[PDB]
Every structure is written in C-alpha cells, then in structure tokens.
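For neighbour counting, all protein chains shown are included, and Cβ atoms are generated from backbone atoms with ideal geometry for every residue, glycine included. Read-outs throughout are calculated quantities, based only on the coordinates presented, and are distinct from any laboratory measurement.
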Protein chains: 2
Amino acid sequence: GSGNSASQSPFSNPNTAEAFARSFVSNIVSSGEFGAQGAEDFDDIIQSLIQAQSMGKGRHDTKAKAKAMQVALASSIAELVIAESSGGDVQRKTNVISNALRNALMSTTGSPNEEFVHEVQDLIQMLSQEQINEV
Amino acid sequence: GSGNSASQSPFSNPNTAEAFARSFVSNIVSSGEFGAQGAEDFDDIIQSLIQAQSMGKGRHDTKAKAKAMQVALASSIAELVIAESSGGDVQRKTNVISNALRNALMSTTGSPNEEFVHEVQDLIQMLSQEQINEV
C-alpha cells in the first residue's frame, strides 16, 4: 500500500541523511585522529553528496541511477582519512572511522548498515597503491 | 604562497566540464553496446557531479575536497556501467566505455588521462564481484 516496492534506505528521509554526517563528524572531531580542522572540512565533502541525493534524480529516478550516489560518497570518505594524514598509517588510523561510521548508523538508524563501512575500507587500500596517495 | 592554490580541475570550466560528458554519452550511443537507453541515463548522475563541483568550492579552496570530487565522479561511472553490463562480464563490455572515456578526454582536453580511465575501471572490478551486485 503506502510504501510499495522500493529500496528503503536510511537516506529516504533528509533528516536521517543529515544525522548521518551529524554523528559521523562528531566521532572524528572528538577523536582528533585526523584533526578537527579536517573533520569539518570532510563534512562539506560529505555534505555535497548528501545535497546531491535530492538533486541527481532529474525527474524520474531509475534504480541503477538511485544507488549511483552510494559509491560516490564511499570512495570520497575512503580518501578523506588519507587527505588530512600526511605521515601515518591509513589502515591503522581508519579504525576510528570504521567505528565512527558504524556508530553513526547505530545512532541514526540502529541498523548494522556496516556494509557501507566495508566498502570504504577496501577502497582506501586501492588508493594507497597509486602515486596519487603519496603526492 | 601566490600559486599554491590553482584549480587544474577541467570540470570547473563550463565548456570543458560539459565536453567530457557530451563526448562520453555520444560515443556510447554511436557504439550501441549499452544502448541509447543506458547512455541517456548515465548523463543524469555525471551531471550531478559537475553541478556540485561548483558548490564545493564555497569561498575558499581546501586541498582535501579538491581531490575528493575527482574520485566521486569515477565511482559515479564505475557502478553505473556495471548496471547496464548485467549479463556475466563487465570488463569486455566496459571496454567500450574505456573507449568512450579515452575518446572523451582526447576531445575535451587532448590529454591521455587514461589514469582516470583506469580509475573508473579499477573500482568496477571490486564492486562487480561483490554479492551486492548478484542478487
């Protein structure tokens, strides 16, 4: 009936989408693992993807097009940990982000939506293989 | 100092930004591999990244967000082509996408930029083999 066949994600409500970054950045700034100075700059990067979720639909939003926003943000967060870490370990220090992301979902939704938390982790490992990581 | 901040991002230029997608999408329909149905869908996600590249600049550049917007675009194409590549293989079919990309950059800037072509194709390999795709 009301709420038919659709992939009901935690981004179906703008407030829930906001709470995602609202909690996630709170983890980072309170930890200082990447500097609060960077954490709130990350908020804007994430913000961009959040805002575009309501923009990049055109008029009719197809299933394959709807989830296109997923990997865009994921691949961004993967680099975010690297960006403000000039000298360190992108894997050892991303542990706080692994916790942060899952904690954010735990607070925003309560669901173990940690598959997205998995996506970024492997993407990090990929990026560090190219010179773009060390420049 | 004077010169530490320089936007070499081609997608910050209205013509150059459009040229990328404009050449990409047209090269797809001229190929007919993913059909026009796919090409006329791809432009919506790609456009969104172009739009947000105007947003994320805000009032001052930060070196983190400057590169964060790069990977976001590649990821927007990575999964996107996989969707219309549902049939077993994704590599030999995204080959024509690599063609389109190669053609696009060659026309848009004239630079090889196959590093970005590799960027898109590499993320494909990971996601297309994940059990979130084969459901």
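Figures for the structure shown
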item	result
Residue list for region A:19-57, restricted to those being β-branched (V, I, T) and under 12 Å from the mean Cα position of the chain (by Cα)	A:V25, A:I45, A:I46, A:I50
Residues of region B:84-98 that turn out to be of a type outside the set (K, R) and touching a residue at least 24 places away in the same chain (Cβ under 8 Å), as a count	7
Listing of helices (runs of 4 or more DSSP H) fully contained in region A:1-110 that carry 3 or more residues being away from chain B (no Cβ under 14 Å) and surrounded by 14 or more Cβ atoms within 10 Å (Cβ to Cβ)	A:14-31, A:95-108
Every residue from region A:111-135 that is among the acidic types (D, E) and either more than 14 Å from chain B (Cβ to nearest Cβ) or buried (at least 18 other Cβ atoms within 10 Å of the Cβ) (or both)	A:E119
Any hit, region A:113-134, residues being hydroxyl-bearing (S, T, Y) and within 21 Å of B:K67 (Cα to Cα)	yes
